[PDB]
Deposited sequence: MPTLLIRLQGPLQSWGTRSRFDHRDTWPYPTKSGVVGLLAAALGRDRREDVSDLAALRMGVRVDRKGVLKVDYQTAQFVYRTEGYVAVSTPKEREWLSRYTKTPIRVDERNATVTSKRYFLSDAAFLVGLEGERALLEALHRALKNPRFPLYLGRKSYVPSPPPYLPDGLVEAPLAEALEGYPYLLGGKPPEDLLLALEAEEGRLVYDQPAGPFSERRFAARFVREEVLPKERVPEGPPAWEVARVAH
């Protein structure tokens, strides 16, 4: 029902495309960034259609915000940890689940050489629940319970616009606006981690 992935590492960078400067970063993973990673895992050529991936409904749980720093110019998120969920058609999610375990192309957290640690694959990440519940109920990515309430950023029908919805093959760089709603997730909801 919902595929969960971990985006965690010493360095990450995420771009929207109301066109975005490659030297900037969004505060948490973007739909375009995540779909790019999914496509890499599947081994898709950049010219290939990604409408099936774009149709997935995405949510982000910010387990650890990480600190905004400069890489030498280039902004990045230091030591951030994100849980990302994707809800949609089962066969595709299962294919993605397998692809993430053994990615056909290297997975990077934004800029090539930002290596994930731990890897994005979560062995128990394919949850039979809709997006919000899947994200709410997954164990904290770091040890213990979250010490404070978490940010949850959900694809929605209303809210704030972000131009990160892949609307054609990545080679064309065609993106549309989607609404993302930011909510506060009570810390008591999240089971004790790590996964």
Study note, to complete from the structure: Taking the deposited sequence from residue 1, the uncovered stretches are 1, 74 to 116, 240 to 248
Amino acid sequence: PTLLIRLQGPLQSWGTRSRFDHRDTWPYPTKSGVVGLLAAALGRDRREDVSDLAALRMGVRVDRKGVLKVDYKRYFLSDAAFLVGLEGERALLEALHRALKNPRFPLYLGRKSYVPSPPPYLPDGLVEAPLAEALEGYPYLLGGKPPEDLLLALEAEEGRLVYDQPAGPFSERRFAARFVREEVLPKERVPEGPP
From here on, numbers count along this sequence of modelled residues.
Review point. Do the CA atoms of 26 to 34 or those of 142 to 150 have the higher mean B-factor in the entry?
Key: 142 to 150
**Study point:** Greater mean Cα temperature factor according to the PDB record, 124 to 132 or 157 to 165
**Key:** 157 to 165
Exercise for review: Among 53, 68, 40, 58, single out the one with the highest C-alpha B factor in the record, please.
Suggested key: 68
Revision key, fill the gap. Looking only at 19, 173, 181, 178, the Cα with the top B-factor belongs to 19
Review point. According to the PDB entry, is the CA B factor of residue 87 in the bottom, middle or top third of its chain, that is, lowest, middle or highest?
Key: lowest
